[PDB]
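Protein chains in written order, with PDB author numbering: chain A, 4 to 113; chain A', 4 to 113. A prime marks a further copy of an entry chain.
One structure is given here, and the rest of the page talks about it.
Number of protein chains: 2
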Amino acid sequence: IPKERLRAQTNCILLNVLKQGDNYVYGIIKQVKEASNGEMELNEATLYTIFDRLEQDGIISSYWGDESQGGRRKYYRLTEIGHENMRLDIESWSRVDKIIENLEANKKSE
Amino acid sequence: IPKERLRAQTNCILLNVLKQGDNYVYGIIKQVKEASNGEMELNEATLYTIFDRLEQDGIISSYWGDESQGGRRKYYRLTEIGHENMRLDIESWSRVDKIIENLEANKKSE
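Structural data, given as structure tokens:
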């Protein structure tokens, strides 16, 4: 319950980083540290566990980057399904919020 | 994934009904039908499955109502833990949204 809340919120934050453009682990981790004012310092193990599921479910794809450094670097991209699922999320959840303000309003009536 | 999104959103809507005051199945189902403009017509089986978990985890409590009708009627109440968990949710998720607008802003910088 305290770990389940986080799981969703981490996943949400990570996918929004990939919304800003394709990225690789440390690029993501440093961006998250920055935008969360140091609160959320992500682990590589955590990020890869989450990314390994997301890739399986077709929400993100991985590809090899430019190797003009003399080394491998895995980039991550938000797929088509993942863009769509991200849109439906905002659609569903704003609808929910309309349904809730209607229940707070049906109180005022009754 | 399409069923997991709903599970969370149903749970959220149901707990907000119990925010408006203690209630019993059909009172809840009719209120949800109303505030969702007929879209969400809940099943008793569904509602009770969800409520049986929520009660186990201590988020809601059940009690017997007034029996001046000559019949049993189970009411449901949002517990202390459940009020707190509902507050933390809004706390965490608005923070998340700050973290996201910061990632959409760190783009504009870079």
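We put the CB at the ideal spot given by N, CA and C, even for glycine.
Residue i - partner residues in DSSP beta bridges
{"i": "A:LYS77", "result": "A:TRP67"}
Beta-carbon contacts of residue i that lie in its chain and below 6 Å, excluding the five residues immediately before and after
{"i": "A:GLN34", "result": "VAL20"}
{"i": "A':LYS36", "result": "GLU44"}
{"i": "A':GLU42", "result": "none"}
Residue i, DSSP secondary structure in three states
{"i": "A':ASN26", "result": "strand"}
{"i": "A:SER39", "result": "coil"}
{"i": "A':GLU7", "result": "helix"}
{"i": "A:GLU113", "result": "coil"}
{"i": "A:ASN46", "result": "coil"}
{"i": "A':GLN72", "result": "coil"}
{"i": "A:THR82", "result": "coil"}
{"i": "A':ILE62", "result": "coil"}
Beta-carbon gap between residue i and residue j smaller than 8 Å
{"i": "A':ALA38", "j": "A:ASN40", "result": "no"}
{"i": "A':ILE63", "j": "A':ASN88", "result": "no"}
{"i": "A':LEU18", "j": "A':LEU81", "result": "yes"}
{"i": "A:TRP67", "j": "A:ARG75", "result": "yes"}
{"i": "A:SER97", "j": "A':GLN12", "result": "no"}
{"i": "A':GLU58", "j": "A':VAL28", "result": "no"}
{"i": "A':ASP60", "j": "A:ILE102", "result": "no"}
{"i": "A:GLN72", "j": "A':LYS110", "result": "no"}
{"i": "A':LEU50", "j": "A':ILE32", "result": "yes"}
{"i": "A:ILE16", "j": "A':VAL99", "result": "yes"}
8 Å CB neighbourhood of residue i in its chain, flanking five on each side removed
{"i": "A':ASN26", "result": "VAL20, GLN34, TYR78, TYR79"}
{"i": "A':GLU70", "result": "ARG76"}
{"i": "A:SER65", "result": "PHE54, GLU58, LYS77, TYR78, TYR79, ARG80"}
Beta-carbon contacts of residue i that lie in its chain and below 7 Å, excluding the five residues immediately before and after
{"i": "A':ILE84", "result": "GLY61, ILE62"}
{"i": "A:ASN14", "result": "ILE53"}
Cβ-heavy atom distance, residue i to the ligand SAM, below 7 Å
{"i": "A':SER112", "result": "Absence of the ligand SAM from the depicted structure is noted, as is the absence of any ligand whatsoever, leaving it without description."}
Below-8 Å beta-carbon distance, residue i vs any chain C residue
{"i": "A:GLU94", "result": "No chain C is present in this structure, whose protein chains are A and A'."}
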